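Okay, here we've got a single chain as structure tokens, the form deposited without the ligand, with questions on binding and movement later.
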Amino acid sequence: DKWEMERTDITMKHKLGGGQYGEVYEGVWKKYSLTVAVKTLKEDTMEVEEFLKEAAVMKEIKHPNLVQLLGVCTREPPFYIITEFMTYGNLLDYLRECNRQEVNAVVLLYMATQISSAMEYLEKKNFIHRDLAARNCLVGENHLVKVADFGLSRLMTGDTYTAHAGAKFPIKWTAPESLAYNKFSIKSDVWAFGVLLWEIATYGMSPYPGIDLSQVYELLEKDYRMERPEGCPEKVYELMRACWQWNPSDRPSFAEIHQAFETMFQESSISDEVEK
């Protein structure tokens, strides 16, 4: 296997983001002076197969807006999955703490374009994402945004993936058919993407603010949808609302979504330069 490394090339430091990602540590790949992120797994565990599965998935996936695997150490008790280090952390915290004059309207469009690009790639590859949200997107330099591979699952048959029995997902990001039946399709991801667009537009506000979890499904079933946040362009809100169609088949594909954002991003860019 080309991906294998020797664990002593890595200098391990402290847990990233106060443990919000679980067992992921800042590390240094000594012979490149390169900071990295290192997912680790205790040796006393029953999750070895799942963890190797994550690695195998990471081997198959490659895209500029998906967090990149760098190497694994999987022949010795503490298993490692080493990924690139994203210096600005998760996108949700980034949006909340950022200078909004730097991270302005055009940057927001750019971030959405990047994520939609990643999702269109996954769509074509017959993958779905079980955890599409701002908190699971990572930010590097120059407003580079990548979706984390955590939550990625490949469809072996059909267009639906069923989450492990008893699974509990965050209600406010989850498509109603997924809440109801535990089925995730790429259309469920389109729903989640609409919510992510709302997280971006509001600089990291919680969705359905003030609304209690217990009411969300019924409210959605009865056509309740979040309103347009101030500052949000109408075309972006319309796309958001297209993502929140009750029937999965009425939602646009990520190909259509990415193309819409690419077009809007270009027009803003062109209009930006035209102003001198």
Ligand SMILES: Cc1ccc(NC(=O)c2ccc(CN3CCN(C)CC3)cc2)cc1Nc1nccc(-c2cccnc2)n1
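So that there is no doubt, residue numbering starts at 1 and follows the sequence shown. Each form is matched to the other, and the largest set of C-alpha atoms that superpose within 1.5 Å is called the rigid core.
What comes next is about the form solved in complex with the ligand, which is not displayed.
Colleague: Site superposed, the ligand placed from its pose in the entry with it bound: open or blocked, blocked meaning at least 3 ligand atoms within 2.4 Å of a backbone or C-beta atom?
Modeller: Blocked, since after superposition 3 or more atoms of the placed ligand lie within 2.4 Å of the backbone or C-beta atoms.
Colleague: Out of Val145, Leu109, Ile186, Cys73, which one falls within 4.5 Å of the ligand in the entry with it bound, going by heavy atoms?
Modeller: In short, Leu109.
Colleague: Which residue among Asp250, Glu230, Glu238, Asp223 has a heavy atom within 4.5 angstroms of the ligand in the entry with it bound?
Modeller: Here the answer is residue option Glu230.
Colleague: If we define contact as a non-hydrogen atom of the residue within 4.5 angstroms of the partner, is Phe254 a contact of the ligand in the entry with it bound?
Modeller: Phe254: no contact with the ligand in the entry with it bound.
Colleague: In the entry with it bound, does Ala105 come within 4.5 Å of the ligand, counting heavy atoms only?
Modeller: Although the ligand is absent here, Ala105 would touch it in the entry with it bound, with heavy atoms inside 4.5 Å.
Colleague: Examine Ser249 after superposing the rigid core and state whether its CA is displaced by 2 Å or more between the shown form and the other one.
Modeller: No, shifts by less than 2 Å.
Colleague: Does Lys31 show a Cα shift reaching 2 Å between the shown form and the other one after rigid-core superposition?
Modeller: Comparing the forms between the shown form and the other one, which are aligned on their rigid core, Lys31 does shift its C-alpha by 2 Å or more.
Colleague: 2 Å or more on the CA of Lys124 between the shown form and the other one, with the rigid core superposed, yes or no?
Modeller: After core superposition, the C-alpha of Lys124 moves less than 2 Å between the shown form and the other one.
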